[PDB]
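Below are the chains, spelled out letter by letter.
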Amino acid sequence: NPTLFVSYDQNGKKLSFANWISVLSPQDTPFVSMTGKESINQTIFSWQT
Amino acid sequence: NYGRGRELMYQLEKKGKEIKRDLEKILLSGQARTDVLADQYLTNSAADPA
Amino acid sequence: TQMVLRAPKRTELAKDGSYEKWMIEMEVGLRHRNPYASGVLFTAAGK
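Residues numbered from 1 in each chain as written, not as in the entry; some residues may be left out. Chains lettered and ligands numbered in written order. Part of a larger assembly, values for the part shown. Heavy atoms only, no water.

Its PDB record attributes the structure to cryo-EM, giving the resolution as 4 Å.

Going by the PDB entry, chain C carries the name Major head protein and comes from Escherichia phage vB_EcoP_SU10. Anyone opening this PDB entry will find it titled "Bottom part (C5) of bacteriophage SU10 capsid".

Labelled according to the PDB entry, chain A appears under the name Major head protein, originating from Escherichia phage vB_EcoP_SU10.

### What about the interface of chain C and chain A?
The interface is formed by 12 residues belonging to chain C together with 14 residues belonging to chain A. Both faces considered, chain C and chain A share a buried interface measuring about 1000 Å² in area, 64% of it formed by carbon and sulfur atoms. Looking at the side of chain C facing chain A, the largest losses of area belong to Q2, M3 and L5 of chain C, adding up to 43% of the total buried there. Viewed at the interface, chain A and chain C are joined by 1 salt bridge. (Contact = heavy atoms within 4.5 Å. Buried area = accessible area lost by both parts, 1.4 Å probe. Salt bridge = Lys/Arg side-chain N within 4 Å of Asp/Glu carboxyl O.)

### Regarding the pattern of salt bridges
Per the stated rule, a full pass over the model turns up 2 salt bridges over all chains. Ionic pairing is found between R31 of chain C and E38 of chain A, a salt bridge with its closest N-O pair at 2.2 Å. You can see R31 of chain C sitting in the segment after β2 (22-30) and its partner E38 of chain A sitting in strand β1 (residues 37-39), one on each of two chains. With relative accessibility at 19%, the residue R31 of chain C sits in the buried group. What makes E38 of chain A partly exposed here is its relative accessible area of 42%. (Helix = DSSP H or I, 4+ residues; strand = E, 2+ residues; numbered from the N terminus. Buried < 20%, exposed > 50% of the residue type's maximum accessible area, 1.4 Å probe, protein only.)

### Focus on the sheet that holds strand β1 (residues 2-12) of chain C
Read across the sheet, 3 strands follow the order β1(A)-β1(C)-β2(C) without closing on themselves; strand pairing throughout is mixed. Each edge of the sheet is formed by a strand with only one pairing partner; in this case those strands are β1 of chain A together with β2 of chain C. Neighbour to neighbour, the strand axes of the sheet diverge by 40° on average, direction disregarded. When β1 of chain C meets β2 of chain C, the two strands line up antiparallel, connected through 8 bridges. The residue bridging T11 of chain C from the neighbouring strand is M23 of chain C, located in β2 of chain C. (Pairing = 2+ DSSP bridges. Axes fitted to C-alpha atoms, helices over the stretch in contact; angles between N-to-C directions.)

And the structure:
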C-alpha cells in the first residue's frame, strides 16, 4: 500500500517522553517557617497563665 | 517528649526474669514427659506417621 | 510554639505477601503562651 518512503506512520514507534515529572504541591508553610519547635517527652504538656 | 530513654527493655527484662522463674518452677514440680508419643513410644516407626 | 514528641521517621510493617506496606507517623503538639495574647476575626455579612 505505501509507495513513497513514508516514515511518520510506521508500526513500532518509540515514545520519546520528557524524561522528567512535574509537581506543583506548595509547601511554603508560613506558620511553620516561622519560630521553630520545642521537643518534649510525654504526650501531654501544660503551661500556666 | 524530650525524654532520655524510652524503650521496651523495661518490660523485656521483666519478662526474662519471669521466664527464668518459670523455668525454675517447671523443671521440678509436675511435668513428667507428657504423653505426646505414648502407646508404645518405642514404636515411633519413623516419627509416628499417625 | 509547636511541641513535637517524635520526629517523622520512615517505618516498615509486615509484608503480607507481595503487598510491601509502608508507613509514616509524626507526633506534634501546639502551644500558646496566653489565650488572650493573639486575636481572631470571623468574616460575616455587612449591615
